[PDB]
Structures are given as C-alpha cells and as structure tokens.
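**Q** There's a structure below that I have some questions on.
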2 protein chains.
Amino acid sequence: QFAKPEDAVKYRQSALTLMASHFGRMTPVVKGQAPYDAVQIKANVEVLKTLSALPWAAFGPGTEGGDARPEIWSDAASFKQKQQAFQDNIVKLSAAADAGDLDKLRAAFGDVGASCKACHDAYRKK
Amino acid sequence: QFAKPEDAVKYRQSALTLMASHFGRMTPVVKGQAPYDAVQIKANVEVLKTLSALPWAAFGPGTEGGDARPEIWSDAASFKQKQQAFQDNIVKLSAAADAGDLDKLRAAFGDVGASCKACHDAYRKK
Ligand code: HEC
Ligand code: HEC
C-alpha cells in the first residue's frame, strides 16, 4: 500500500507511536498510581492487540529508512521471530486483561516492555 | 494519556495517518484496478473501524496545535456530530465489507471519503 519507501516509513512510525501510547498509558495502572478498571483495561489492550500487528508489513523489502537498522532485512527469519515473539507477549497481556487479573497484567506488562527493548537493541538505530 | 498538548497532537496525527492508509489502500479495489478479495477487505475494514474511533479523544480541551482549527473547541457538539457521523459512515462500509457486497462497498467508500472532507473543510487548517 506504499508508493515509496518513505510512505512505509511514515506508516510504521505512526503505528509504533500509537503502540507506545496504548502500552505506556497503562503504566500508572500497573504501578497502582491510577485505579484498575478491568473493563477499561480489557478494551485498551484490545486496541493495543490490533495496533501491535500493524508495523511489520511496513518493513517490506527495500523500505530502508527512518531509524530502522539494515539488519531487519539481512536476516528476515530473525526479525520475524522478534515481532512474532512480541505479538505473543501481547497475547499474554490480552489474556491477563480479559481475565481481569491484575497480577498477571503486571507480569505480562513487564514482559511486553522487555520484548519492545529486545527488538530495539537489535533493530532500531540510536 | 498525554503529558502535554504536543503529545495529543502527535497521537492524533499518527492515528489519522494510519486511517488514510487503511482507507486509501482500498481505492484500487473499489475502482476495479486491483482484484476484490472479500475476506481481505473485511479484515482491512475491521482495522479501519478500530483506527477510526481513535483520533477524537486526542482533541481534548486545551490541545490546540497541529493543523487543528480552533472551531473544534468552540462548539463541541458540532465537532462531535462530525466525528460520530463519520464513524457511522464507517459502519456502512463495515456492513458492506462483511456482506461481501462490492456495490455496497463502492457506495460506502464514496460516502466515507465525503465525510472525511466534510470534517476537513470545517476543522482542518490549510
Ligand atoms: C521489532 C520486532 C520491534 C518491536 C517488538 C517494537 N519495536 Fe519500536 N521500533 C522498531 C523499529 C525498527 C523502529 C524504527 C522504525 C523506523 O523506521 O524509524 C521502532 C520505533 C519505535 C518508536 C518511534 C516511532 C516514531 O515516531 O518514529 C516508538 C515510539 C516505538 N518504536 C515504541 C515501541 C514500543 C512501546 C514497543 C513495545 C510495546 C515497540 N516499539 C516494539 C522495532 C520494534
Ligand atoms: C473530523 C471529524 C475529521 C474526520 C472525520 C477526518 N479527519 Fe482528517 N483530520 C482532521 C483534523 C482536525 C486534522 C488535523 C489534526 C492536527 O492536529 O494536525 C486532520 C488531519 C488528517 C491528516 C494528516 C495527519 C498528519 O500526519 O498530520 C490525514 C492524513 C487525514 N486527516 C486523513 C483523513 C482521512 C483519510 C479521513 C477519512 C477516512 C479523515 N481524515 C477524517 C479531522 C478529521
């Protein structure tokens, strides 16, 4: 759906921005600094699920640009494992949210955050 | 979820960018320049449904900025009608896509596009 690599870059940066917001807005809840409303969190994590599937198709071949490292494309299988593992970390968060289980939500939230970092440390430029 | 108005601006611009892509990528399909795969379009319109609910909460009071016109905030009811009407235009597109009805998809796609414009002409700066 991208006319130029710049369009893929703009899309993925937008998608990732929306993920940072839907993930990060739960930090006060997991820390107990804001109240835990199970219905609210379930709905927010469903948005995050949808968004978390979107960036990867905007790293197609030849879409070097932005802050993406070239290693994304020299080993396609490894990058794919990264994004699939991340999306499965999101599945754990979804399951926690759907169960209304604050303790599982905390644990899954931490693991999701680690997975964001695991990808950045291999694949995102400084 | 926004520390500063600039964060709300960045969020809504990102959300609207993702809408332009999930809407606009169907143009070749509705024109017949690309094949119509009902399953594919159903899934894409579900993404567009999710995204099309997101921008509006990032125009909270005091979040002037970007290319948003001030009229968004001097008549809250009128802006709300705009975004609600748009989301109901998206409902028609969802119903068409879920039915696998290409003729209804074409018609709804045109009406959605008109609704994007109706809002821009009142509420988006040049
Ligand atoms: C690899 C599988 C990634 C995972 C998992 C996550 N992110 Fe990431 N992110 C990745 C890359 C390669 C890039 C650079 C994209 C480019 O072309 O520039 C990024 C970028 C971001 C950004 C900045 C977006 C922007 O506005 O330019 C943010 C805010 C971001 N990423 C956040 C983020 C969070 C919170 C994640 C887990 C919930 C996450 N990313 C996962 C690669 C990958
Ligand atoms: C009002 C109810 C709107 C509807 C419906 C749509 N859009 Fe719009 N859009 C609106 C505003 C007020 C703004 C400016 C936001 C800001 O603070 O700058 C926009 C902006 C866009 C953009 C640019 C985003 C960016 O990267 O800065 C795009 C690409 C865009 N809008 C597309 C778009 C499409 C395709 C729509 C219908 C499917 C649509 N918008 C509806 C207000 C409103």
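Each residue, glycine too, has its Cβ placed from N, Cα and C.
Pasting the feature list from Swiss-Prot:
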type: BINDING; residues: A:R12, A:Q13, A:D67, A:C116, A:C119, A:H120; note: heme c binding site
type: MOD_RES; residues: A:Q1; note: pyrrolidone carboxylic acid
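So that I understand the layout, could you describe where these features sit and how close they are to other parts?
**A** Following the DSSP three-state reduction, the secondary structure of A:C116 (heme c binding site) is helix. With a cut-off of 8 Å between CB atoms and residues at least 6 apart in sequence, the same chain places A:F23, A:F86 near A:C116 (heme c binding site), listed in sequence order.
Long-range Cβ neighbours of A:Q1 (pyrrolidone carboxylic acid) (same chain, at least 6 residues apart, Cβ-Cβ under 8 Å): A:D7, A:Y11.
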**Q** Using a 10 Å radius around each Cβ and all protein chains in view, which of these binding-site residues has the most neighbours: A:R12, A:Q13, A:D67, A:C119?
**A** A:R12
**Q** Are any of the recorded positions A:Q1, A:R12, A:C119 near chain B, where near means a Cβ under 8 Å from a Cβ there, and if so which?
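**A** Cβ contacts with B, in sequence order: A:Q1.
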**Q** Counting only residues 6+ away in sequence within the same chain, which have a CB under 8 Å from the CB of A:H120 (heme c binding site)?
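**A** Once residues fewer than 6 apart are set aside, A:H120 (heme c binding site) is near nothing.
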